[PDB]
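In what follows, one protein chain appears twice in different forms, each by itself as structure tokens: structure 1 and structure 2.
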Structure 1
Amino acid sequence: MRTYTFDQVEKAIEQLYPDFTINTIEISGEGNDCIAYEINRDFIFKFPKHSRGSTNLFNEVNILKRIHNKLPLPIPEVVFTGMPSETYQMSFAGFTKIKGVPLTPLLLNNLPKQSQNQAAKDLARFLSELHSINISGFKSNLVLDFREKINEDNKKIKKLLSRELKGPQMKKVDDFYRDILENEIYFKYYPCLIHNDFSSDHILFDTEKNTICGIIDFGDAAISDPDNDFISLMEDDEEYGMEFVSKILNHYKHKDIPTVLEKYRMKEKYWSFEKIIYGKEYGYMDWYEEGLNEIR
């Protein structure tokens, strides 16, 4: 993982954009992929911490440029782009800053009833139009076939933990994976463009108008199961919970809710294996031992 000084940030931006004058730099945020910098209090620059994070940044920029005028809610606008190298697919990207605070479950529940329902309606409309965007012009490395993922993940876990787990333990893991693959409900979806990380941290809110004013972080966006965008908001622990999501599914006119709940229960048990794999593909070895003990 690469860390940046504040001098290096301006130095990279100045090389490509010399006529752009920088006044102040603030570490706006920090995720598993990039470091965020707020510049001129109206721009958000993302710098990849590693190669894989640069790939997601590269993917985010390309997706935003294709759907910038196809959505009912504001999304990040790309205004600056970096260059590719032997280590990064894109050195950085500058976005127009969307003003507002994350619509955390606490803020949502404190809203007037009419505002909460308006939020559900606006979210459902956003997801409805997002999942209706023509995926023809889109690439295919963004296509995420879930059956291919589960099969691939099975081989990864097996390759990773063949020297960690005992014989019957590995077979138990294989049993879990086999039960998933024989359940046709997880794979008979209609592929469409999804946000794929649709959570409260990525939903900006205007506390003045009491309406959602933006959706951010499209770095995980892909062509996959539309139900993914509902189950990511469905968690009761850190998200909105079933009741609010039910309102979304209503406006979304979802014809098959029980199978969305079935997918949700599956993903929650599967998170242990995600932490093992994500803890390898994205560094962060802390997740590795965390998920390692869980599956035992």
Structure 2
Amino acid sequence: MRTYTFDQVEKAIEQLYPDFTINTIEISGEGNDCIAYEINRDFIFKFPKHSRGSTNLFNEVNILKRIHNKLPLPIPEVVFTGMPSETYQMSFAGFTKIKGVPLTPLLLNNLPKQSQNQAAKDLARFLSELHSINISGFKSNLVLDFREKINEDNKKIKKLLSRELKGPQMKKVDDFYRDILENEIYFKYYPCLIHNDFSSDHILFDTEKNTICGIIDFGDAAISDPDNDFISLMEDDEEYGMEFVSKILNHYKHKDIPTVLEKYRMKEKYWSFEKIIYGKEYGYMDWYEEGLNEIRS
């Protein structure tokens, strides 16, 4: 992990933008890839914390320019970009701030029932449109192969868990990667452009109008299975949960909800392995062990 001071952020922007003057800056938020800074109250700059984040910033920037003005909800416009530096593909990026507040589960369920059905229509229409974006022009770079991803993870996990479990416990992991690979329900879909982190914190809301007013955070945007954008909403408590997602699925006119449920089920179990992989990637030894712990069951 790398760090920035406010002055490092200022002078990093002024190098590439010698006329742009910063009057106010504060930290808007921080996630696993970038720290967000709010500058002159109308712009959000992400600065990457590591080479992986930088590449997700590169891809976000690429995807937003490319889908500019084609979706039925507002999204960030890229107004500033940095450049490669050492082991970062994109040193930073600055987007217009979309106004509003996260559409939390609490905020959503505190809403009159008609505003809830509204919001669920606005989400299906957004996804209906995001998922019918023609992808012929995207580099195959950006097309997530789920087969390869699984085999990539499997080898990393085989390497990692050889130091952490014996024969019997390891068989359970062996069995789980074999079952997934040999079930075509995970690989036989119609790829499209997906947001790929579509959850309550990236759905902005306007309490004065009481309607969704923005989608943010496309850093994970890629070509892939569109069901992923429903699965990321379904977790109860942490997310909207089944009933609300089901309304979205029906405004979208999904013809196979049971298969959405079956990919949520698989993605729920799989989460243990991501925590192990990313836990030992960054240095997050509190999730390496929480991943490790669930797996011994």
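Basically, rigid core = biggest C-alpha set you can superpose within 1.5 Å across the two forms. Numbering runs along the sequence of structure 1, starting at 1.
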query: CA of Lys275, rigid core aligned, shift of 2 Å or more between structure 1 and structure 2; finding: no
query: Inter-form CA displacement between structure 1 and structure 2 at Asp237 - rigid core frame, Å; finding: 2.6
query: Cα shift between structure 1 and structure 2 at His50, which is computed once both forms share a superposed rigid core (Å); finding: 0.7
query: Rigid core fit between structure 1 and structure 2: Cα deviation of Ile185 in angstrom; finding: 1.4
